[PDB]
Amino acid sequence: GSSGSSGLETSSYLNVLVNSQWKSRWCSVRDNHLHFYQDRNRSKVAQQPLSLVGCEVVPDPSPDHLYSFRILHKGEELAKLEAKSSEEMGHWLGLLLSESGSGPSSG
């Protein structure tokens, strides 16, 4: 949306679907893995990280927000995140995809 703000560090706030409920969660991707946090400054880890490496990020929007995506592992479900704006989801889609699949496999 707002094109003119530096200081993202691919560490923006995303909506991590939980028990059929969109709850605010801090998503941090690093080393081809999506870690989950709660407090600020990656104080504590919300739960086991994600092994994006291999997964598949597909744009699965909703009738209430066309800015939501989900990951899949060979057709299965791994997680589901939701951005705030279309431009935001567009940065995550490719961001994750790149991580999910790199090396001597498919390259």
# chains A, B, ... in the order shown; residues from 1 in each chain; ligands from 1
call {"tool": "select_by_dssp", "arguments": {"residues": "range 1-101 of chain A", "states": "alpha helix (DSSP H)", "output": "PyMOL selection string"}}
result
chain A and resi 86-99
call {"tool": "write_last_selection", "arguments": {"atoms": "C-alpha atoms", "output": "PDB file, in the first residue's frame"}}
result
ATOM      1  CA  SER A  86      -3.023  -6.861  -1.277  1.00  0.00           C
ATOM      2  CA  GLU A  87       0.469  -5.441  -1.783  1.00  0.00           C
ATOM      3  CA  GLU A  88       1.491  -7.019   1.524  1.00  0.00           C
ATOM      4  CA  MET A  89       0.348 -10.533   0.620  1.00  0.00           C
ATOM      5  CA  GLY A  90       2.174 -10.128  -2.678  1.00  0.00           C
ATOM      6  CA  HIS A  91       5.460  -9.636  -0.840  1.00  0.00           C
ATOM      7  CA  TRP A  92       4.913 -12.716   1.325  1.00  0.00           C
ATOM      8  CA  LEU A  93       3.760 -15.023  -1.470  1.00  0.00           C
ATOM      9  CA  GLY A  94       7.022 -14.723  -3.380  1.00  0.00           C
ATOM     10  CA  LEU A  95       9.043 -14.305  -0.194  1.00  0.00           C
ATOM     11  CA  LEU A  96       7.952 -17.694   1.145  1.00  0.00           C
ATOM     12  CA  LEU A  97       7.907 -19.451  -2.228  1.00  0.00           C
ATOM     13  CA  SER A  98      11.589 -18.623  -2.700  1.00  0.00           C
ATOM     14  CA  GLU A  99      12.344 -20.227   0.664  1.00  0.00           C
TER      15      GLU A  99
END
call {"tool": "select_by_dssp", "arguments": {"residues": "chain A", "states": "strand (DSSP E)", "output": "ChimeraX atom specification"}}
result
/A:13-18,21-29,34-37,45-50,56-58,68-73,76-82
call {"tool": "closest_residue", "arguments": {"among": "A:106, A:27, A:35, A:68", "to": "residue 54 in chain A", "atoms": "only C-alpha atoms"}}
result
A:106
call {"tool": "closest_residue", "arguments": {"among": "A:81, A:57, A:50, A:14", "to": "residue 38 in chain A", "atoms": "only C-alpha atoms"}}
result
A:14
call {"tool": "residues_around", "arguments": {"residues": "residue 33 in chain A", "least_positions_apart": "2", "cutoff": "8 Å", "atoms": "only C-alpha atoms", "output": "PDB file with N, CA, C and O atoms, in the first residue's frame"}}
result
ATOM      1  N   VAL A  29      10.634 -15.171   9.163  1.00  0.00           N
ATOM      2  CA  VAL A  29      11.239 -16.154   8.272  1.00  0.00           C
ATOM      3  C   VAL A  29      12.757 -16.019   8.254  1.00  0.00           C
ATOM      4  O   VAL A  29      13.292 -14.919   8.109  1.00  0.00           O
ATOM      5  N   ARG A  30      13.447 -17.145   8.402  1.00  0.00           N
ATOM      6  CA  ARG A  30      14.905 -17.153   8.404  1.00  0.00           C
ATOM      7  C   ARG A  30      15.441 -18.568   8.209  1.00  0.00           C
ATOM      8  O   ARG A  30      14.917 -19.525   8.778  1.00  0.00           O
ATOM      9  N   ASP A  31      16.488 -18.692   7.400  1.00  0.00           N
ATOM     10  CA  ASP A  31      17.096 -19.990   7.131  1.00  0.00           C
ATOM     11  C   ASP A  31      16.079 -20.951   6.522  1.00  0.00           C
ATOM     12  O   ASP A  31      16.050 -22.134   6.859  1.00  0.00           O
ATOM     13  N   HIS A  35       9.429 -18.976  11.659  1.00  0.00           N
ATOM     14  CA  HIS A  35       9.284 -19.070  13.107  1.00  0.00           C
ATOM     15  C   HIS A  35       8.108 -18.226  13.592  1.00  0.00           C
ATOM     16  O   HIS A  35       7.736 -17.239  12.956  1.00  0.00           O
ATOM     17  N   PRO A  49       8.862 -23.893  14.885  1.00  0.00           N
ATOM     18  CA  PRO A  49       8.995 -23.177  13.613  1.00  0.00           C
ATOM     19  C   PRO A  49       8.454 -23.981  12.436  1.00  0.00           C
ATOM     20  O   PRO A  49       8.047 -25.132  12.592  1.00  0.00           O
ATOM     21  N   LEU A  50       8.451 -23.366  11.257  1.00  0.00           N
ATOM     22  CA  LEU A  50       7.960 -24.026  10.052  1.00  0.00           C
ATOM     23  C   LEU A  50       9.095 -24.267   9.063  1.00  0.00           C
ATOM     24  O   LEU A  50       9.963 -23.414   8.878  1.00  0.00           O
ATOM     25  N   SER A  51       9.080 -25.434   8.426  1.00  0.00           N
ATOM     26  CA  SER A  51      10.109 -25.788   7.455  1.00  0.00           C
ATOM     27  C   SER A  51       9.653 -25.459   6.036  1.00  0.00           C
ATOM     28  O   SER A  51       9.451 -26.353   5.213  1.00  0.00           O
ATOM     29  N   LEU A  52       9.494 -24.170   5.757  1.00  0.00           N
ATOM     30  CA  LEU A  52       9.063 -23.721   4.437  1.00  0.00           C
ATOM     31  C   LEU A  52       9.760 -24.515   3.337  1.00  0.00           C
ATOM     32  O   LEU A  52       9.136 -24.913   2.353  1.00  0.00           O
ATOM     33  N   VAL A  53      11.057 -24.745   3.511  1.00  0.00           N
ATOM     34  CA  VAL A  53      11.839 -25.493   2.534  1.00  0.00           C
ATOM     35  C   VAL A  53      11.085 -26.729   2.059  1.00  0.00           C
ATOM     36  O   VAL A  53      11.082 -27.763   2.727  1.00  0.00           O
ATOM     37  N   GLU A  99      11.806 -19.411  -0.417  1.00  0.00           N
ATOM     38  CA  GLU A  99      12.344 -20.227   0.664  1.00  0.00           C
ATOM     39  C   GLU A  99      11.921 -21.685   0.510  1.00  0.00           C
ATOM     40  O   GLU A  99      12.735 -22.597   0.650  1.00  0.00           O
TER      41      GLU A  99
END
call {"tool": "closest_residue", "arguments": {"among": "A:43, A:37, A:65, A:60", "to": "residue 24 in chain A", "atoms": "only C-alpha atoms"}}
result
A:37
call {"tool": "closest_residue", "arguments": {"among": "A:2, A:46, A:28, A:56", "to": "residue 70 in chain A", "atoms": "only C-alpha atoms"}}
result
A:56
call {"tool": "atom_distance", "arguments": {"atom1": "CA of residue 25 in chain A", "atom2": "CA of residue 44 in chain A"}}
result
11.9 Å
call {"tool": "closest_residue", "arguments": {"among": "A:36, A:64, A:72, A:1", "to": "residue 16 in chain A", "atoms": "only C-alpha atoms"}}
result
A:36
call {"tool": "decode", "arguments": {"residues": "range 1-26 of chain A", "atoms": "N, CA and C atoms", "output": "mmCIF file, in the first residue's frame"}}
result
data_model
loop_
_atom_site.group_PDB
_atom_site.id
_atom_site.type_symbol
_atom_site.label_atom_id
_atom_site.label_comp_id
_atom_site.auth_asym_id
_atom_site.auth_seq_id
_atom_site.Cartn_x
_atom_site.Cartn_y
_atom_site.Cartn_z
ATOM 1 N N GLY A 1 0.806 -1.206 0.000
ATOM 2 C CA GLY A 1 0.000 0.000 0.000
ATOM 3 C C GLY A 1 0.842 1.260 0.000
ATOM 4 N N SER A 2 1.413 1.589 1.155
ATOM 5 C CA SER A 2 2.244 2.780 1.286
ATOM 6 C C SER A 2 3.667 2.506 0.810
ATOM 7 N N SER A 3 3.980 2.967 -0.396
ATOM 8 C CA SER A 3 5.306 2.770 -0.970
ATOM 9 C C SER A 3 6.247 3.902 -0.569
ATOM 10 N N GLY A 4 6.963 3.705 0.533
ATOM 11 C CA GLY A 4 7.889 4.717 1.006
ATOM 12 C C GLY A 4 8.209 4.568 2.481
ATOM 13 N N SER A 5 8.393 3.327 2.922
ATOM 14 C CA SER A 5 8.700 3.051 4.320
ATOM 15 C C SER A 5 9.760 1.960 4.438
ATOM 16 N N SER A 6 10.959 2.352 4.853
ATOM 17 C CA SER A 6 12.062 1.409 5.005
ATOM 18 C C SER A 6 12.108 0.851 6.424
ATOM 19 N N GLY A 7 12.634 -0.363 6.560
ATOM 20 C CA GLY A 7 12.727 -0.989 7.865
ATOM 21 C C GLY A 7 11.699 -2.088 8.056
ATOM 22 N N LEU A 8 11.684 -3.047 7.137
ATOM 23 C CA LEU A 8 10.741 -4.158 7.207
ATOM 24 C C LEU A 8 11.427 -5.423 7.715
ATOM 25 N N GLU A 9 12.599 -5.717 7.160
ATOM 26 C CA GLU A 9 13.357 -6.898 7.558
ATOM 27 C C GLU A 9 12.481 -8.148 7.510
ATOM 28 N N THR A 10 11.661 -8.249 6.469
ATOM 29 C CA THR A 10 10.771 -9.391 6.304
ATOM 30 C C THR A 10 10.268 -9.894 7.652
ATOM 31 N N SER A 11 9.968 -8.963 8.552
ATOM 32 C CA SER A 11 9.479 -9.313 9.880
ATOM 33 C C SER A 11 8.215 -8.528 10.218
ATOM 34 N N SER A 12 7.313 -8.426 9.248
ATOM 35 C CA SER A 12 6.063 -7.699 9.440
ATOM 36 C C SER A 12 5.037 -8.565 10.165
ATOM 37 N N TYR A 13 4.035 -7.918 10.749
ATOM 38 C CA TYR A 13 2.989 -8.627 11.477
ATOM 39 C C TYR A 13 2.011 -9.293 10.514
ATOM 40 N N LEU A 14 1.700 -10.557 10.778
ATOM 41 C CA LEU A 14 0.774 -11.309 9.937
ATOM 42 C C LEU A 14 -0.269 -12.030 10.783
ATOM 43 N N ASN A 15 -1.411 -12.334 10.173
ATOM 44 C CA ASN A 15 -2.490 -13.024 10.871
ATOM 45 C C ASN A 15 -2.378 -14.535 10.685
ATOM 46 N N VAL A 16 -1.988 -15.230 11.749
ATOM 47 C CA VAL A 16 -1.844 -16.680 11.703
ATOM 48 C C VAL A 16 -3.110 -17.373 12.196
ATOM 49 N N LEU A 17 -3.870 -17.937 11.264
ATOM 50 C CA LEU A 17 -5.106 -18.633 11.603
ATOM 51 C C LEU A 17 -4.882 -19.616 12.749
ATOM 52 N N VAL A 18 -5.756 -19.558 13.750
ATOM 53 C CA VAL A 18 -5.656 -20.444 14.903
ATOM 54 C C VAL A 18 -7.031 -20.933 15.341
ATOM 55 N N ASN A 19 -7.187 -22.250 15.427
ATOM 56 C CA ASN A 19 -8.454 -22.845 15.835
ATOM 57 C C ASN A 19 -9.630 -22.111 15.201
ATOM 58 N N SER A 20 -9.577 -21.946 13.883
ATOM 59 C CA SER A 20 -10.637 -21.258 13.155
ATOM 60 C C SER A 20 -10.835 -19.844 13.693
ATOM 61 N N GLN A 21 -9.729 -19.183 14.023
ATOM 62 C CA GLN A 21 -9.781 -17.825 14.550
ATOM 63 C C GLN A 21 -8.522 -17.047 14.174
ATOM 64 N N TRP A 22 -8.709 -15.925 13.491
ATOM 65 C CA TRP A 22 -7.590 -15.090 13.071
ATOM 66 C C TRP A 22 -7.022 -14.307 14.250
ATOM 67 N N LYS A 23 -5.876 -14.751 14.754
ATOM 68 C CA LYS A 23 -5.228 -14.091 15.880
ATOM 69 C C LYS A 23 -3.901 -13.469 15.457
ATOM 70 N N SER A 24 -3.638 -12.260 15.942
ATOM 71 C CA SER A 24 -2.404 -11.555 15.611
ATOM 72 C C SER A 24 -1.187 -12.330 16.107
ATOM 73 N N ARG A 25 -0.255 -12.600 15.198
ATOM 74 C CA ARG A 25 0.957 -13.335 15.542
ATOM 75 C C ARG A 25 2.155 -12.802 14.762
ATOM 76 N N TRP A 26 3.322 -12.825 15.394
ATOM 77 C CA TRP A 26 4.545 -12.344 14.758
ATOM 78 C C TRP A 26 5.235 -13.464 13.988
#
